[PDB]
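J.: return atomic coordinates for the entry below.
(12 chains)
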Protein chains: 12
Amino acid sequence: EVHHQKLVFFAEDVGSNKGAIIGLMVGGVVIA
Amino acid sequence: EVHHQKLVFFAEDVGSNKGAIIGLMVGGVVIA
Amino acid sequence: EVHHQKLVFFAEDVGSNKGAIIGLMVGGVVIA
Amino acid sequence: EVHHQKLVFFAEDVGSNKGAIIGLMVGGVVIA
Amino acid sequence: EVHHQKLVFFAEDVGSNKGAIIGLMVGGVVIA
Amino acid sequence: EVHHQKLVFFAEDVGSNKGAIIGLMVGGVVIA
Amino acid sequence: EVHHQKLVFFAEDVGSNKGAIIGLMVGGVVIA
Amino acid sequence: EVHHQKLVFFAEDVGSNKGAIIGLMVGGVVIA
Amino acid sequence: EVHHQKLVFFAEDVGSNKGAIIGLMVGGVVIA
Amino acid sequence: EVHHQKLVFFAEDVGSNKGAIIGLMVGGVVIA
Amino acid sequence: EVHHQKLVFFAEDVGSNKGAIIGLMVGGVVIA
Amino acid sequence: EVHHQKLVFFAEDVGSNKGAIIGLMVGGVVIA
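T.: Numbers count the residues shown, from 1 in each chain, chains lettered A, B, ... in the order given. There you are, the coordinates:
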């Protein structure tokens, strides 16, 4: 059992994003 | 069993995005 | 069992988007 | 089971969009 | 049982991001 | 049984980010 | 039962960041 | 029962960061 | 019952950091 | 019942840091 | 019932810091 | 009821620090 209240992902005023993630994450990610 | 309240993804004023995600995330991802 | 209340995807004023998602996210993705 | 109340997809002012989605997201995908 | 209140990811005013993540993180992640 | 209040990730005004992460981490992470 | 209040990761006004992390950290982690 | 209050990682006004970490750490961590 | 109040890592105003860490550390850590 | 107040690592105003650590430190650690 | 107050590492204003540590240390720590 | 007060390491205003340690140090390591 999981209870969550209030979630805010990556915030304002950005030049460039490479790879911004929220989750459980099972397996993998490659960033170049 | 999972409960969520007030969920907000990636915020305002952005030049360029490469790869921005919300979820469980199962498997493999590549960003170049 | 998953419950969501007040769900908000990617916000205003974007120059260019490549790959932005809300979901369960299963399998794989390539971004270039 | 997945349940939603007050669901909102991506916001105003975009120069170019490539891959912006709300759903389950299942499979293999490429973005170039 | 797990209970969480007020989650906030990476904050405002950013020139460039490479790799900013929140999660359980099972497996491998590579940032070049 | 776990209870958590106020989670705040990496703070404002950054020239460039490379590898900024929060999570359990099982396996490995590489920043090059 | 475990109770936690006020988690704050790496603070504001930074020229460049390389490798800033919070977690349990099981296995191998490299910053180069 | 266990109780924790006010966790604060590395503080403000910094020219450059390389390798700044908080965690249990089981295995190996490398900074070069 | 165990209670812990105020945890504060490495403090403000610094020209450059290389290798600043807090944890349990089981196995080892290398700083070069 | 056991209570602790104020855990504080290396203090403010420093030209450059190389290798500054706090922990239980089980096995071995190397600083150059 | 036991009450502990103030655990504080090396104090403010240092031109450069190298290899400065607090801990239990089981096995041991190499410094150069 | 039992009480303890003020664990402190080295004081303020220093030209350069090298190899300053406080700990139980069970086992053995090289310091230079």
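J.: if I look at the residue in chain A that chain D sits nearest to, how far off is chain B?
T.: Closest approach between chain A and chain D, counting by CB to the nearest CB: residue A:23, at 11.2 Å. C-beta coordinates here come from the backbone N, C-alpha and C atoms, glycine included. Residue A:23 sits 4 Å away from chain B, going by CB to the nearest CB, to the nearest Å.
J.: can you pull the contacts of that residue?
T.: B:21-25, C:25, E:22-23 (CB atoms under 8 Å, 6 or more residues apart in numbering or on different chains).
J.: what ranges do the strands span in chain A?
T.: Along chain A, counting by DSSP state E, strands occupy A:2-8, A:14-23, A:26-31.
J.: the last one and chain B in contact?
T.: When you say that, I think you mean strand A:26-31. Yes. Shown here: strand A:26-31 in contact with chain B (CB under 8 Å from any CB of the partner chain) through A:26-31.
J.: need those in JSON lines (columns: distance to residue I:13 and neighbour count).
T.: JSON lines is the format used below for the residues of strand A:26-31 next to chain B (distance: CB to CB, whole Å; neighbours: other CB atoms under 10 Å in any protein chain shown):
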{"residue": "A:26", "distance to residue I:13": "40", "neighbour count": "16"}
{"residue": "A:27", "distance to residue I:13": "41", "neighbour count": "17"}
{"residue": "A:28", "distance to residue I:13": "38", "neighbour count": "19"}
{"residue": "A:29", "distance to residue I:13": "34", "neighbour count": "25"}
{"residue": "A:30", "distance to residue I:13": "36", "neighbour count": "18"}
{"residue": "A:31", "distance to residue I:13": "31", "neighbour count": "24"}
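J.: residue nearest the centroid of chain A?
T.: Among the residues of chain A, the one closest to the centroid is residue A:21, at 2.3 Å (CA atoms, centre = their mean).
J.: residue A:24 against residue B:24, yeah?
T.: Yes. Assessed by CB atoms under 8 Å, residue A:24 is found in contact with residue B:24 at 5.0 Å.
J.: what residues does chain A have near chain F?
T.: Checking chain A against chain F by CB under 8 Å from any CB, the hits are A:11, A:25.
J.: burial of residue A:1, as a residue count?
T.: Applying other CB atoms under 10 Å in any protein chain shown, we find 10 residues neighbouring residue A:1.
J.: tell me how far it lies from residue C:4.
T.: Going from residue A:1 to residue C:4 by CB to CB, to the nearest Å gives 16 Å.
J.: contacting residues around the closest residue to residue A:11 other than its chain neighbours?
T.: Nearest residue to residue A:11 in three dimensions, chain neighbours excluded: residue E:12, at 4.2 Å (CB to CB, 6 or more residues apart in numbering or on different chains). Contacts for residue E:12 were tallied using CB under 8 Å, 6+ apart; they are A:11-13, B:11, F:12-13.
J.: that older thread, check the gap between the residue nearest to the centre of chain A and residue B:21 for me.
T.: Taken as CB to CB, the span from residue A:21 to residue B:21 is 5 Å.
J.: what pairs with the closest residue to residue A:25 other than its chain neighbours across the strands?
T.: Of all residues not flanking residue A:25 in the chain, residue E:23 sits nearest, at 4.0 Å (CB to CB, 6+ apart). On the basis of DSSP bridges, residue E:23 is bridged to residue A:23, residue F:23.
J.: residue E:23 and chain J, how far apart?
T.: In this view, residue E:23 and chain J are 25 Å apart by CB to the nearest CB.
J.: gap between that residue and chain I?
T.: Going from residue E:23 to chain I by CB to the nearest CB gives 20 Å.
J.: next: residue A:7.
T.: 24 Å.
J.: am I right that that residue is in contact with residue B:7?
T.: Yes. When contacts are counted by CB under 8 Å, residue A:7 is listed as touching residue B:7 (4.8 Å).
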